């Protein structure tokens, strides 16, 4: 089945599904636009935008003279493909998440060291905002109360809402988890950009969909939120104290502890964990 908002969105995912399942095999030549159009039910003009998008994302190679070929994806596609591949094959969801976790754990000590050195004041401001926001989030009587008071209300609400789930307990569990994830992403992504190297931040930007998907389930666990809040305080203390040597230690231990939690949580993945919400 395909989930999409527009016929163009549909056409894009239809082609991706067909590349993935061997219908339009990697290494093969994509059928002519005229034929492809009638096959997929999208006009030539709609098809053209879709093919350009697929080329940009690395699914296809489009070159002027030559006919359009289907790429060995993963050889050319960027970071965005992981969240897509998770939906296409949910059985590989756990290996994909673990790549994310392991990558964050391995690269964090690099960009955070740069951030604390080159942008100390901004790094601490970020961490303080993250810690206190998270503390205010879980100590509020309702997510709705936190949001009415939080300066981050508009940005949070841009992507975090729950208007379907009517059981208020479950609704609260979802909204808290997603808002906590919002600040967890903020902490990692902003410290990445504050390293002075734009590449570290752009990595998180490309991974954000997968990041949000993972964090929204991960931070439904109260123990995970608490462990994270303790971790944030440790990062802050390392920056303020200048005890530079504590940084790899703190990060490594968090990778281990958060890992064990995930290792328990992954056995009860929601059936809709790999769904695709856009």
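Numbering follows the first chain given and starts at 1.
Taking the mean of the C-alpha B-factors per stretch from the entry, tell me the winner out of 202-210 and 172-180.
-> Stretch with the greater average CA B-factor: 172-180.
Average Cα temperature factor in the PDB entry - higher stretch of 100-108, 81-89 = Comparing 81-89 with 100-108, the higher average CA B-factor belongs to 81-89.
Checking the entry, which one of 241, 221, 63, 234 has the top C-alpha B factor?
-> Most elevated C-alpha B-factor of the set, per the entry: 63.
Maximum C-alpha temperature factor, selected from 164, 129, 71, 119 | Among 164, 129, 71, 119, the highest C-alpha B-factor in the entry belongs to 164.
B-factor third for the C-alpha atom of residue 252 within its chain = Tercile = middle for this residue's CA B-factor.
What third of its chain, lowest, middle or highest, does the C-alpha temperature factor of residue 226 fall into?
-> Middle third, going by the recorded CA B-factors of the chain.
Pull the Cα B-factor of residue 135 out of the PDB entry and bin it into the chain's lowest, middle or highest third.
-> Middle third of the chain for residue 135's C-alpha B-factor.
Considering only modelled residues of the same chain, in which third does the CA B-factor of residue 42 rank: lowest, middle or highest?
-> Ranked within chain, residue 42 CA B lands in the middle tercile.
Sorting the chain's modelled residues by C-alpha B-factor, tell me whether residue 52 ends up in the lowest, middle or highest third.
-> It falls in the bottom third of the chain.
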